[PDB]
Amino acid sequence: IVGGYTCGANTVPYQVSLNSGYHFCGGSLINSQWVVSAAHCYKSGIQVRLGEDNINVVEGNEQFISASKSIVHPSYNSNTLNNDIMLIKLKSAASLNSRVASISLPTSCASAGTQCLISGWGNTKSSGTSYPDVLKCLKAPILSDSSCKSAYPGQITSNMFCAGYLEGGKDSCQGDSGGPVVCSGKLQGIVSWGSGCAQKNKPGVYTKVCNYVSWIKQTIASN
Ligand SMILES: N=C(N)Nc1ccc(C(=O)O)cc1
Ligand SMILES: [Ca+2]
């Protein structure tokens, strides 16, 4: 997260870190056994880390649970990033509490102008490279479909939306991948892609979660 703020320990209780020896992506806890992330975060050997603030220090609220299976969306295209969504099942159910909690799925899509919270452990620099240890947060509005398409000609599908600031300065960045965009207590987005970070007229692009609620629910119901 570039141009954000320190969230505060365990203030984003649905935020997870995906770890394969090191943090490599974010994710969102949607029930005791399931995490939603980006398809471009897919790899084998994933451990889900819940209750994290400082990802380099055991602070006492963590739960470390290995993934039993990952399900990348059937229509994910890694070239265009269309359908950039994946589900991860935990080997055992997380113990839910005030600091480790699921986030609600949307019942309808959020509109341009809706204010949201984007969070992650990604790069905090738009030019250089600096990775934070503690979770970073950014309050950002959803942008109109037209402004999103104008920012990225030929690249915005019906399964994507832009959020952030056309002036730049405040954005998601590498390492925030797969993490949450939450608006009015609902998971509306997944950190998906962009051109650099916090650059003028290049806001973050997010997977449009409301399009996938049926797939998420039916997948969970049979797996
Ligand atoms: N938000 C931006 N303009 N850049 C950007 C966004 C997401 C990712 C990701 O890897 O998920 C990387 C870079
Ligand atoms: Ca920790």
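When reading the values below, keep in mind they use all heavy atoms of this one structure, side chains included, and skip hydrogens, waters and symmetry mates. If you read the sequence from its start, that first residue is 1, and numbering goes on from there. Indexing begins at 1, ligand by ligand and atom by atom, following the structure's order.
Between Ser195 and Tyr152 there is a side-chain heavy-atom pair separated by less than 4.5 Å. A heavy-atom distance below 4.5 Å is found between the side chains of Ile88 and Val48. Using a 4.5 Å cut-off on side-chain heavy atoms (C-beta onward), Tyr131 and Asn123 make contact.
In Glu59, the CD atom is crowded: over 12 heavy atoms of neighbouring residues, nucleotides or ligands sit closer than 6.0 Å. In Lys43, the NZ atom is crowded: over 12 heavy atoms of neighbouring residues, nucleotides or ligands sit closer than 6.0 Å. Counting heavy atoms of neighbouring residues, nucleotides and ligands inside a 6.0 Å radius, atom NZ of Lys217 does not exceed 12 of them.
Of the heavy atoms in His40, only side-chain atoms (C-beta onward) come closer than 4.0 Å to ligand 1.
Ring to ring, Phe24 and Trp121 are not that close: their centroids are 6.0 angstrom or more apart.
For atom 2 (C) of ligand 1, the choice among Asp171, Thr207, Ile190 with the nearest heavy atom turns out to be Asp171.
Heavy-atom separations between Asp176 and ligand 1 are all 4.0 Å or longer. The closest approach between a heavy atom of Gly196 and any atom of ligand 1 is below 4.0 Å.
At least one test fails for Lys136 against the ring of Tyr5: distance under 6.0 Å to the centre or angle within 45° of the axis. Geometric assessment of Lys170 against the ring of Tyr165 yields a positive cation-pi assignment under the 6.0 Å and 45° thresholds.
Listed by number with element, the atoms of ligand 1 under 4.0 angstrom from any heavy atom of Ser192 are 9 (C), 11 (O). Residue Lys202 has at least one heavy-atom neighbour below 4.0 Å for each of these atoms of ligand 1: 3 (N).
A tilted orientation is assigned to the rings of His73 and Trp215, their planes being inclined by 30° to 60°.
Below 3.5 Å of separation, one finds an N or O of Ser172 facing an N or O of ligand 1.
Atom 10 (O) of ligand 1 has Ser177 OG, 2.4 Å as its closest protein atom, hydrogens excluded (heavy atom only).
At a cut-off of 3.0 Å, measuring from the Ca ion (ligand 2), the protein N, O or S atoms that fall short of it are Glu52 OE1, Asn54 O, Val57 O, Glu62 OE2, waters left aside.
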